[PDB]
Amino acid sequence: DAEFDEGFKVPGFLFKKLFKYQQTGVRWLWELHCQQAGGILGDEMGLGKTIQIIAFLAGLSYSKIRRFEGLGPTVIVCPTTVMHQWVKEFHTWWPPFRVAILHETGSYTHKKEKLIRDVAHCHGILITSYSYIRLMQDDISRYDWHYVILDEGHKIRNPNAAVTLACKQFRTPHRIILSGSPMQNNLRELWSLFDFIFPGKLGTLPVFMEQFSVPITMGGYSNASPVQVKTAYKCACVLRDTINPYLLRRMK
Amino acid sequence: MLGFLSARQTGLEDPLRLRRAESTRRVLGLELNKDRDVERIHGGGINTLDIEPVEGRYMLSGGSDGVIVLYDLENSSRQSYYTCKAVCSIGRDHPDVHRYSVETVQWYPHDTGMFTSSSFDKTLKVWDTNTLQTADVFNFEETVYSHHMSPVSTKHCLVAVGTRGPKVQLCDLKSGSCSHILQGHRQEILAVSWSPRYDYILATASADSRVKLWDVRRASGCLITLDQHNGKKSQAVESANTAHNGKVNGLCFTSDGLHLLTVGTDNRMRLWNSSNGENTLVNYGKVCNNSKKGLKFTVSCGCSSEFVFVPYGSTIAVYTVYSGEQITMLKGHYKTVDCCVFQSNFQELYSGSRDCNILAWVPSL
Amino acid sequence: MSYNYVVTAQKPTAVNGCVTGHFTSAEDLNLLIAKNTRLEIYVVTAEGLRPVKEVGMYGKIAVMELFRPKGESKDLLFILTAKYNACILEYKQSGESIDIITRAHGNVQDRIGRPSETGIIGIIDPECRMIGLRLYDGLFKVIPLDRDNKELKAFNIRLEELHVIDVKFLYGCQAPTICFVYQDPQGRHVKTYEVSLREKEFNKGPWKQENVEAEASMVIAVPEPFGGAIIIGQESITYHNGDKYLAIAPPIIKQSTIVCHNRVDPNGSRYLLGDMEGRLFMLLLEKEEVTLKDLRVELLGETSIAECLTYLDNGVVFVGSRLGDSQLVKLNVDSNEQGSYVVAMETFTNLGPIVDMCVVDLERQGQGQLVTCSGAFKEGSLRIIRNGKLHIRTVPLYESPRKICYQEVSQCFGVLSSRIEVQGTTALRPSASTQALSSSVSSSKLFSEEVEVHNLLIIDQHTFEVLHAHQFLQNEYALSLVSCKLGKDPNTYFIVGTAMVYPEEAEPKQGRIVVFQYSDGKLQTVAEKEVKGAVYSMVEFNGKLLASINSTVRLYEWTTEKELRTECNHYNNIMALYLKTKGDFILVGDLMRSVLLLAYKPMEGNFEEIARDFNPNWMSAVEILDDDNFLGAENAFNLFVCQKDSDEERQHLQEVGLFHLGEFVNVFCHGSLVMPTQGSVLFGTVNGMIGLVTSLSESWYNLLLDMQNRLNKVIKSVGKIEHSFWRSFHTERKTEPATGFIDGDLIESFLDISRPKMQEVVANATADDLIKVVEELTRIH
Amino acid sequence: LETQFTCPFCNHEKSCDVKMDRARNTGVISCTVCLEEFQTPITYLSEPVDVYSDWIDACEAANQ
DNA sequence: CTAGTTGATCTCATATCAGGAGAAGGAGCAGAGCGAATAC
Ligand SMILES: Nc1ncnc2c1ncn2[C@@H]1O[C@H](COP(=O)(O)OP(=O)(O)O)[C@@H](O)[C@H]1O
Ligand code: BEF
Ligand SMILES: [Zn+2]
């Protein structure tokens, strides 16, 4: 077995499968858990982020670390096309987990609210869609979830979208986003994501705009003056240092 | 005391005993200095003082006129009477002088080569002490009431800043990131203080009559909210769980960092268990303060009993932290005292007040 | 930068801790004695003690306790160092080879914290589930043992009571239960908690807090048949078990407070109790069919003033003392016809607190000889030390000696002494001051429970008999003594600085300097001088008397009228406690400003502050090594050498040398115990060590430094404590590495390693050259 | 003409109160926040703007 | 039962002076009236 800093053990057979960067990601995820802070697994598409999350959760439940003993009831919000993908990966990698889908397809065949209640009181993994999180925000946030992993969490990029406001109602500190492209149009998206995972680091949206978005963006235009380019460089370096501990982005 | 020396020589008592007993005796014999003077350079009241944590030689003082004076407290002359001469000065002619009152000045911990100063001109300036030039400036949308660097952090170098905004700013002196803020207060944050014990624990006191302890690494707001009654008057947390019945305008962790002393505008000081914020119900009587800005007060170190020196009108009230018993009033200022800073090496005190004076209190005999 | 060589001439002898158990073997009954840095392992034979090992810890052993985890064949030893190095050690004997393997180690120093008043406390759960340390106020550190660590990871539990007097683990409790006495403004109370390692926090104790005696100072955890605890205070002994509350107030323990205890039986039916006056009592627990019936205390007898004591077997008790010689005594079943059942079997020499010492070339040889004021109230004595191994004579004074000086012309020692009288006043025992050949009392016209009576003893320097004993004024403490001839007259005088001590004040306001002449077997009072404070220190300065009244260092001239006349004063001191001299220069050791290089400019007639150290070191002693090197001892067990640097910055003395001796140096003195190194400064400490400081040359010091680093790479310390950390200058507000000082013990350990280890040391001259160098270094002591 | 003024020392808006002691021909302007106080002579034609004026002038003159 | 097709509906995302009159509030002064407070 692999023994990390304080009390976290991930099983040896599970650990051996993971690559070097994947177990580095598990290390980073548990450092975030110790800090009680969120993060973005920014590893590009295909590098393996479902596996890193599954391994980290398996080691968290396995380690019996100290409300919740080990792993509590977690909710995984992902696009509709990959819900059963998450189910398959969980079953193959850590079969002990109970992994239910909150969706019309689903497996429950009763009232959904009963399913959320069962997973909350059984410390299972509830995989749901972003549409359901928007729709069932009344029920989804009454149960004190432990982990709120958002797969392809760049869907939260619009700070004013109903899905974003819904996903930002979870009380837990352990907020994780899996997205190999956590910036798609501008820095407002980065602010929205970092407001989700760690509300404070990048300040209020007006402040983030004035301090980072206008300097960094305006220095990228073709007609940028050299002084303005250097100002954009300074702001970009500041932002990179600011977001370094909570963004883990490995390339291919 | 010859008993103390004899016990130390004979090994009956640990030298710790003599050291702390004599420190306490010196603090109790605090009096207006017979042979010491401090050079007068501030045109306005001194709002803040800070003796450097290492070697305790140099003292910073920020005045209401915006100048920052750097004094040498050592008696480099051969006489028994000396004046604490001013080594350096951010005067009115300095290109980077604060345009308004300097409200907090703090030496960089772990090294005397840098200090910081925050002003009501909405700036936290970081100064190189050698060249005496601003190494950095952090601008804020609203006036700064207080700031504090962690006296313990070998890892982080965050400056916690409390402005009239309801947000506690955390300015990273490592690559400059002032974007981090803490939400949960509702009015001006009149005092901020890092825990001397825990690296990432910050106590913030705001005009909403609340004191909050934050683990700045954490993503889930404040750790503890201090409550006068500890639960006797319990209500859903929207307006209850107040630390004081007024503005909480001063914070000070005790020397060990296991307790927190909060002074508020309800004419009350309170002592709180720093681990769960429980009120220890130490009385302290009535502690007169009506300051509309942060109130700077300090605690003693290296003594048998811990003392707290609180500005009390135009005086310094010395209290015993864990019993609340009133030791004395140091009475030598002509206007309200704004700050007092304690030299722990020799149990000395330096108080700055609105009368443009820095008065030194030394143990008698 | 300075170059200094410190070496231990005499190892520490005061015992600060003794524990018994099965450490070396499952069958052996071991006695582990902690002298300050030295751990001595003896095997308790049928007669006496057989030393099996003596290891030198890189640390002052503050805690020493034996514990047997489940499945362990023999006891493991937990040692905590004053600098908070914790180690669990095991004894592994491989034939001739003996090894103390470090089973676990770590450092438990909190970065910040008020060190507790009553000192470091270390306890172990009786079932060995954890180690509880009280190092700081308001905290209780816990080192779990069930979780088998090799790093001794610990966690603090916050303790709501901030002034804890004593704490123990209770017996027969399903959970680790601590019972402790604490002081709050309401009084002293005994409270209980149940520590939870899983939740890492206290829980409500088996029985609630109970208000105990005002001076309740000791907690004794009674074993399983009774359970509960016994609280010993100044006036009463109480026993609590939660609903059983027994209490006694034996009048025989009222006279002195009980400071140590030990459990005689495995079931705790009998305990030993030592008081500060040396009395040894037996506290007996009478059982009833089990619960506890009644408590009895009976005075077994008198021993040395016991810091600690341990019952070995067969009525043999090791009384380990810090103030006097340690003892191995026998508890007879029947009295000795004097009301005492205690009989001393053996005495282990202890240079007690070496408050003062003088080097004398007695017998007119070329050999030095240390005469030391050793010990305390009942164990006070003079010790005469020579190289013969070190031969140590003992002259019991039966009163505390304070200062000593040699008057060669008169062939006598002047010794300041102090005895306790209880009532007008009555002596508790016949002391050396009262057993003088002739005696006198001061009749001074200047001034007009238990008390200290101070005397000047004139002691013959051949037979060491008290030729004379001059008693001082009532409530007068003699602080300083100097034998010198002043001015221009030929007579040699004993000049004694005194202070008037009354309970109504914290600092003496009155005192006098008395000049005696010892001639014709009589001590005539030649002169007096009323001064306005305690004369802490005096020295002869170019035929004048340099004294230090409370904060003023002033110079007196001896006139033709045979009286003292002030010539100059210096006032820039908190309290000038220590004075030294070389030429026109004076070195003033201050209580907390730590040094002041003063100069008496004779062309004008006043002092001049040449330089000062502005670091706040609290002093215990001070000395002048060279024209520009100044040795000083801080109360935090550190040595530091200041140097006159090379403007106003010239007034700053530079601390060019730093070192953590681990001993409280009480006195320096130039001299050597023997017939390459420059100078020789012997020093005496509280735990009895005598050390020696010499100045080295630059290249030689560099080479030695290199050897020290090599040995640190090679020699393995007992607790895996790094030597640099152990010798790092340490104070509650400062920590620096050692500089300008060579640890002579470590260098001299270069002889006690095998040749392959020497070659490992000397990988980069040959080993034989360094053997020659270390031999020459050993020659100086 | 406003009666509450921004303090030149602490820059707190409307934190300065002006007291016209006409019987003694003296105007006293005091900041509530930083407790800075200034006293100037006044006439019957004087107003709080004139007292704040004298305060600003005294500050600038003293800061030369 | 039970999956596949059909419509509605929601979210989200893509850039660049020549009035006047009266009623309600607050202000400052004026005095009346009663409690305490020196004081003859
Ligand atoms: N350590 C591994 N061993 C074997 N297969 C892996 C490992 N990590 C990832 N994979 C495979 O790589 C594919 C991509 O991983 P996934 O996490 O689903 O995508 P992304 O990380 O881009 O969200 C998956 O089909 C998964 O089975
Ligand atoms: F491949 Be994606 F980032 F899940
Ligand atoms: Zn102002």
Side-chain angles (χ1 to χ4, degrees), chain A residues 2 10-26 29 40-59 76-94 127 149-155 176-184 193 248-252, chain B residues 43-45 47 63-66 98-103 119-121 143-145 164 291-294 335-336 338 354, chain D residues 4-18 28-38 52 55-56 59:
Chain A
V10 54
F13 61 93
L14 180 43
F15 196 71
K16 175 181 90 213
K17 282 192 197 176
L18 314 179
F19 302 107
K20 204 42 181 283
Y21 73 103
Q22 286 194 29
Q23 51 208 14
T24 300
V26 174
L29 275 159
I40 311 185
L41 271 171
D43 298 347
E44 293 179 353
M45 290 60 70
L47 277 182
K49 292 186 290 301
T50 297
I51 304 312
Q52 301 180 44
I53 286 292
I54 288 161
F56 167 74
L57 295 184
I76 297 169
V77 193
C78 67
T80 54
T81 307
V82 296
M83 282 186 278
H84 291 96
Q85 188 169 293
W86 270 90
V87 168
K88 195 85 175 74
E89 301 306 309
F90 262 111
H91 288 175
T92 61
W93 281 80
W94 200 249
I127 294 151
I149 300 104
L150 309 178
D151 187 12
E152 316 290 19
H154 61 76
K155 304 280 274 281
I176 307 296
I177 284 161
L178 319 188
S179 66
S181 52
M183 271 196 38
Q184 305 185 106
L193 271 59
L248 192 74
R249 175 162 179 76
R250 274 74 61 82
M251 292 285 88
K252 279 179 196 147
Chain B
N47 298 304
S64 46
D65 63 296
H98 282 288
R99 304 321 330 190
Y100 302 111
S101 67
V102 189
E103 288 294 327
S119 178
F120 281 143
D121 80 21
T143 73
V144 186
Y145 275 116
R164 181 160 31 180
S291 193
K292 306 277 211 270
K293 45 182 211 303
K335 304 192 151 123
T336 61
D338 269 11
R354 306 319 305 213
Chain D
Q4 290 183 349
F5 308 114
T6 298
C7 184
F9 290 94
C10 65
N11 209 50
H12 273 85
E13 65 183 1
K14 301 184 177 189
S15 66
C16 294
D17 287 285
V18 175
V28 169
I29 189 165
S30 296
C31 175
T32 54
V33 176
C34 76
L35 299 171
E36 271 295 0
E37 63 185 342
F38 182 76
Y52 187 54
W55 192 14
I56 295 283
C59 295

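Throughout, protein chains are lettered first and strands after them, A, B, ... in sequence-line order, and every chain is numbered starting at 1. When a ligand or atom number is given, it counts from 1 through the structure's own listing order.
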Review point. Touching ligand 2 at all, A:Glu152? Heavy atoms, strictly under 4.0 Å?
Key: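 Within the 4.0 Å threshold, so yes.
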Which heavy atom of the protein is the closest neighbour of [atom], given with residue, atom name and distance?
{"atom": "atom 9 (C) of ligand 1", "value": "A:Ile51 CG1, 3.4 Å"}
{"atom": "atom 23 (O) of ligand 1", "value": "A:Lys49 NZ, 3.7 Å"}
{"atom": "atom 4 (C) of ligand 1", "value": "A:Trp93 CZ2, 4.0 Å"}
{"atom": "atom 13 (C) of ligand 1", "value": "A:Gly46 O, 4.7 Å"}
{"atom": "atom 15 (O) of ligand 1", "value": "A:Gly48 CA, 3.6 Å"}

Going by the atom numbers of ligand 1, which of them fall below 4.0 Å from some non-hydrogen atom of [X]?
{"X": "A:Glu89", "answer": "27 (O)"}
{"X": "A:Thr50", "answer": "17 (O), 18 (O)"}
{"X": "A:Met45", "answer": "22 (O)"}

Review point. Do B:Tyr100 and B:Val144 touch side chain to side chain, with heavy atoms closer than 4.5 Å?
Key: no
Point to revise | Side chain proximity check, D:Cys31 to D:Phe38, heavy atoms < 4.5 angstrom | key: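 With C-beta onward as the side chain, the pair stays apart.
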Check whether [X] reaches the backbone of [Y] with its side chain - one donor and one acceptor, N or O, closer than 3.5 Å.
{"X": "A:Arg249", "Y": "A:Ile40", "value": "no"}
{"X": "D:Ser30", "Y": "D:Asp17", "value": "no"}
{"X": "D:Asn11", "Y": "B:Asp121", "value": "no"}

Practice item. Report, rounded to 10°, the angle at the Zn ion (ligand 3) between the two atoms SG (D:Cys10) and SG (D:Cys34). Key: 120°
Point to revise | Residues, nucleotides or ligands: over 12 heavy atoms within 6.0 Å of A:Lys252 NZ | key: yes
**Study point:** Over 12 non-hydrogen atoms of neighbours within 6.0 angstrom of CD in A:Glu44
**Key:**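 Enclosed.
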Check your understanding: What's the spacing between B:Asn47 CG and D:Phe9 CZ if we round to 0.5 Å?
Key -> 11.0 Å
Review point. When you check the gap from the basic side-chain N to the acidic O, do A:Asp151 and A:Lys49 get nearer than 4.0 Å?
Key: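 Looking at A:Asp151 and A:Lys49, the cut-off is not met.
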Check your understanding: Mind checking whether A:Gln22 has an N or O less than 3.5 Å away from an N or O of ligand 1?
Key ->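 Checking ligand 1 against A:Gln22, an N or O pair does fall under 3.5 Å apart.
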Point to revise | 4.0 Å protein heavy-atom contact status of atom 2 (C) of ligand 1, strictly under | key: yes
Practice item. Please check if a non-hydrogen protein atom sits closer than 4.0 Å to atom 25 (O) of ligand 1. Key: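 When distances to the protein are checked, atom 25 (O) of ligand 1 has no heavy atom within 4.0 Å.
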Check your understanding: Has A:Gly180 got any heavy atom lying under 4.0 angstrom from an atom of ligand 1?
Key -> no
Review point. Quick check: does D:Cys31 have an N/O/S atom under 2.8 Å of the Zn ion (ligand 3)?
Key: yes
Check your understanding: Do B:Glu103 and B:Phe120 pass the side chain to side chain contact (heavy atoms under 4.5 Å, CB included) test, and can you show the C-alpha distance, the side-chain angles, and the key distance before you say yes or no?
Key -> CA-CA 7 Å; B:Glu103 288 294 327; B:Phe120 281 143; 3.0 Å; yes
**Study point:** Subset of ligand 2 atoms that lie under 4.0 Å from at least one heavy atom of A:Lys49
**Key:** 3 (F)
**Study point:** Numbered atoms and elements of ligand 2 in range of A:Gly46, under 4.0 angstrom, heavy atoms
**Key:** 1 (F)
Exercise for review: Ignoring hydrogens and angles, state whether a donor on the side chain of D:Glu36 or B:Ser64 is under 3.5 Å from an acceptor on the partner side chain.
Suggested key: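 A donor-acceptor contact under 3.5 Å links the two side chains.
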